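# Structural overview for review
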Amino acid sequence: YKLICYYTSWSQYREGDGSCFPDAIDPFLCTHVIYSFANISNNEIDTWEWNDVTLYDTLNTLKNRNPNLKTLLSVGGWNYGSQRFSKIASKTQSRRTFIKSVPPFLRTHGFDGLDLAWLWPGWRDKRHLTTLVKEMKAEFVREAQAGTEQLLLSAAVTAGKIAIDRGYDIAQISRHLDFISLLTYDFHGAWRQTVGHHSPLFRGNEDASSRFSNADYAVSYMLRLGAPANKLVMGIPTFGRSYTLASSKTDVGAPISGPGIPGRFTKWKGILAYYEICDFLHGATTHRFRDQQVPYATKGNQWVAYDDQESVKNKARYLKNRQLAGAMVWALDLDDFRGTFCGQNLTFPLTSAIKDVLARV
Ligand SMILES: CC(=O)N[C@@H]1[C@@H](O)[C@H](O[C@@H]2O[C@H](CO)[C@@H](O[C@@H]3O[C@H](CO)[C@@H](O[C@@H]4O[C@H](CO)[C@@H](O[C@@H]5O[C@H](CO)[C@@H](O)[C@H](O)[C@H]5NC(C)=O)[C@H](O)[C@H]4NC(C)=O)[C@H](O)[C@H]3NC(C)=O)[C@H](O)[C@H]2NC(C)=O)[C@@H](CO)O[C@H]1O
Ligand SMILES: *[C@@H]1O[C@H](CO)[C@@H](O)[C@H](O)[C@H]1NC(C)=O
């Protein structure tokens, strides 16, 4: 089984214990660790923060303790113009420059592959994403002739049906990608004016217009579209989404004034790290959607949709039952990486739980 874990650049700036460096990563935890994100500059892949060169170095040393560990660098990501990738990919002179520049960069800093996190192409962009993936793989193949182990190429593909249809030629790209991480955790957000869970695993017959907004449907859809199971990776979140409530209505369908207040460490409206959620649970009322199989907690006028060890294990069994390639975690730095907030004196509770299901019968 594969266990793809993202590590985020900006998590070094969080104060106190919230601060996370490659250092904190247990090298035998995941099979692949992906670093997010890289920039594109002068049509070439390039670093993002000032000190990336040093963190790349810290992260890649983990490989001294575990030689079977593969690491990848991710270009793109949400706080990066979708328009910017579209510009690079539609013009042939720009795309080849981007492509030619990647193997050198990855070899210098010691990465084993590239991850395309273009989020996300509109309908005019679909043929260009395909070309990007095809020509990039071809470059990775040509570069391997020099005697090095072939660079890996993966992509983070969104999970909403409409998003997939609009801009991904899933049957085409699967032939060339090594794995595809399915972002099965953005099924709800402040944008809806009601409370709801962002990563239900199953349909759950409470609402019947979004029969498409759960990991189960997304995985089936990707499979019907031609993505082989041994290349598909299910994304499991390690964060929670919060909402400020606009009444005392706390049940399914309750109304919303907007995102929840920020957490002490992550400082981001509508998001909480699992370690912040462990602190939040004290004096909160836990609840759990039985059909959808995921929990939510609420306290005061805050309402939080999140994942715990039971839900994450359940999702893990699901992927195994459908014989998928593995699980993908976003992100190691929102998990209880020190292991001192969530009770048990275990570190990376959520990720170790996922691994437990993947490592057994
Ligand atoms: C696989 C996949 O595709 N997954 C997606 C994923 O996109 C989704 O997660 C979200 O992604 C975006 C980025 O794409 C994240 O946005 C974060 O937001 C951070 C906090 O608000 C912000 O942190 C700031 O980072 C700055 C660096 O750009 C820091 O500036 C630095 O300040 C330092 C002192 O503090 C100083 O020393 C540095 O020199 C200075 N350097 C700079 C500016 O480079 C800043 O301090 C820091 N702190 C603040 C302001 O709070 C990040 O910059 C920003 N990222 C990027 C790349 O810009 C967002 O947080 C992600 N969300 C979550 C929940 O993790 C994800 C969720 O859905 O999964 C998939 O969808
Ligand atoms: C990344 O590249 C852009 C465009 O080339 C450049 O203007 C910018 O300074 C870089 N952005 C960051 C956040 O480092």
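Residues numbered from 1 in each chain as written, not as in the entry; some residues may be left out. Chains lettered and ligands numbered in written order. Heavy atoms only, no water.

X-ray crystallography is the method the PDB entry states for this structure, with the resolution given as 2.80 Å.

### Quick word on helix α9 (residues 309-321)
Compared with an ideal rise of 1.5 Å per residue, which puts 13 residues at 18 Å, α9 spans 18 Å between its outermost C-alpha atoms and is within 8% of the ideal. The complete set of buried residues in α9 reads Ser311, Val312, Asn314, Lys315, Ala316, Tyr318, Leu319 and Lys320. Its buried side turned inward, α9 meets α7 (215-224), β8 (232-237), β12 (285-289), β13 (294-299), β15 (326-330) and α10 (349-359). One or two positions beyond α9, positive phi appears at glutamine 323, with a value near 55°. (Helix = DSSP H or I, 4+ residues; strand = E, 2+ residues; numbered from the N terminus. Expected span 1.5 Å × (residues − 1). Buried < 20%, exposed > 50% of the residue type's maximum accessible area, 1.4 Å probe, protein only. Contact = heavy atoms within 4.5 Å.)

### Digging into the site of ligand 2
Neighbouring ligand 2 are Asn39, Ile40, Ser41, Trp48 and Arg84. One of the side-chain N or O atoms of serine 41 is found 3.1 Å from an oxygen atom in ligand 2. Expressed as a share of its isolated accessible area of 360 Å², the protein-covered part of ligand 2 is 42%. Residue contributions to the shell around ligand 2 peak at three residues, all from strand β2 (residues 32-41). Grouping the amino acids of the shell around ligand 2 by side-chain chemistry returns two nonpolar, two polar and one charged. (Near = heavy atom within 4 Å. Polar contact = N/O pair within 3.5 Å; in protein donor to acceptor, adjacent residues only side chain to side chain. Areas by Shrake-Rupley, 256 points an atom, 1.4 Å probe, with all protein chains shown as cover. Nonpolar A, V, L, I, M, F, W, Y, C, P; charged D, E, K, R; others polar.)

### A few points about the environment of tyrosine 306
Mapped onto the secondary structure, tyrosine 306 falls in the loop between β14 (302-305) and α9. Sequence separation between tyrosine 306 and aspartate 178 is 128 residues, and the spatial gap between their C-alpha atoms is 30 Å. The contacts of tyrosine 306, once residues within four sequence positions are left out, are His197, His198, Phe239, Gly240, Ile277, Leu281, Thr286, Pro295, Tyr296 and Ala297.

### Concerning the environment of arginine 124
Along the chain, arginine 124 turns up in the loop between β5 (113-117) and α4 (126-144). Sequence separation of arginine 124 and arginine 166 is 42 residues, and the distance between their C-alpha atoms is 8.5 Å.

### Considerations on the site of ligand 1
Not every one of the 20 residues close to ligand 1 is listed here, only the nearest: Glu49, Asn79, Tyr185, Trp268 and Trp330. Within the contact set of ligand 1, an oxygen atom lies 2.8 Å away from a backbone nitrogen or oxygen of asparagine 79. One nitrogen or oxygen atom from the side chain of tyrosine 185 is found 3.1 Å from an oxygen atom belonging to ligand 1. If ligand 1 stood free it would expose 1200 Å²; the protein chains cover 69% of that surface. When atoms are counted within 2 Å of each cavity's grid points, the one that captures over half of ligand 1 is the largest pocket. Partitioning the shell around ligand 1 into residue classes produces 16 nonpolar, two polar and two charged. Both domains that furnish three or more residues to the shell around ligand 1 are identified here as domain 1 (1-238 + 307-361) and domain 2 (239-306). (1 Å grid on protein atoms, 1.4 Å probe; cavity = no way out; pocket = protein on both sides within 12 Å on 5 of 7 lines; lining within 4 Å. Sits in = over half its atoms within 2 Å of the grid points. Domains from an automatic or database assignment.)

### Some words on empty space enclosed by the protein
Think of a ball as big as a water molecule: rolled over the atoms, this probe shows where empty space is left. One pass over the structure, following the stated rule, counts one cavity of 30 Å³ or more. There is about 60 Å³ of room inside the largest cavity. Residue lining of the largest cavity: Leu116, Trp118, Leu129, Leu132, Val133, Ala155, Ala156, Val157, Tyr168 and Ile173, and that is the complete set. Taken together, the elements giving at least two residues each to the lining of the largest cavity come down to α4 and β6 (152-158). Here the residues of the lining of the largest cavity are counted per class, giving 10 nonpolar, no polar and no charged. (Points joined across faces, edges and corners; volume = space filled by probe spheres on them.)

### Considering a nonpolar patch on the surface
On the surface, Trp10, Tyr13 and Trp50 cluster together into a nonpolar patch covering about 420 Å² of accessible area. Structurally, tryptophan 10 can be placed in the loop between β1 (2-8) and β2. (Patch = residues over 30% accessible without salt bridge, like charges linked within 9 Å, V, L, I, M, F, W, Y side chains within 5 Å. Salt bridge = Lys/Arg side-chain N within 4 Å of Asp/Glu carboxyl O.)

### Considering the nonpolar core
Ranked by internal contacts, the top residues of the largest apolar core, which has 109 residues, are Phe98 and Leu114. Element by element, the count of residues in this core is highest for β2, at six residues. Each of domain 1 (1-238 + 307-361) and domain 2 (239-306) contributes no fewer than three residues to this core. Setting aside residues no more than four positions away along its own chain, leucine 114 makes contact with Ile45, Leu72, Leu73, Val75, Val102, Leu106, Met136, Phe140, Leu152, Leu153 and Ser154. With 10 residues, the next largest nonpolar core counts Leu245, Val294, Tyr296 and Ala305 among its residues. (Core = buried A, V, L, I, M, F, W, Y, C linked by side-chain atoms within 4.5 Å.)

### Here's the deal with the packing of helix α2 (residues 82-90) against helix α3 (residues 92-109)
It is the contact of α2 with α3, at a shortest axis distance of 5 Å, that shows an interaxial angle of 100°. In terms of axis orientation, α2 runs roughly perpendicular to α3. In this structure, α2 uses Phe85, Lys87, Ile88, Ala89 and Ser90 to contact α3, whose residues at the interface are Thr92, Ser94, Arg95 and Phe98. (Axes fitted to C-alpha atoms, helices over the stretch in contact; angles between N-to-C directions. Parallel < 35°, antiparallel > 145°, perpendicular 65-115°, else oblique.)

### Things to note about the UniProt feature "disulfide bond" in the protein
Only sulfur pairs under 2.5 Å apart are read as disulfides, and the UniProt pair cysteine 5 and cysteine 30, at 2.0 Å, is one of them here. One end of the pair, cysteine 5, is in strand β1; the other, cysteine 30, is in the loop between β1 and β2, and 25 residues separate them in sequence. Judged by its relative accessible area of 0%, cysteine 5 falls in the buried class. Overall, the relative accessible area of 4% leaves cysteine 30 in the buried class. Annotation check: the disulfide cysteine 278-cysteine 342 recorded in UniProt is satisfied, the sulfur-sulfur distance being 2.0 Å, below 2.5 Å. Here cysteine 278, found in helix α8 (residues 274-280), pairs with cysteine 342, found in the loop between β15 and α10; they are 64 residues apart in sequence, far enough to count as distant. Of the residues examined, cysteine 278 reaches a relative accessible area of 9% and is grouped as buried. Judged by relative accessible area, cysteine 342 falls into the buried class, the value being 14%. (Disulfide = S-S within 2.5 Å. UniProt positions renumbered as here; feature names shortened; annotations may be inferred.)

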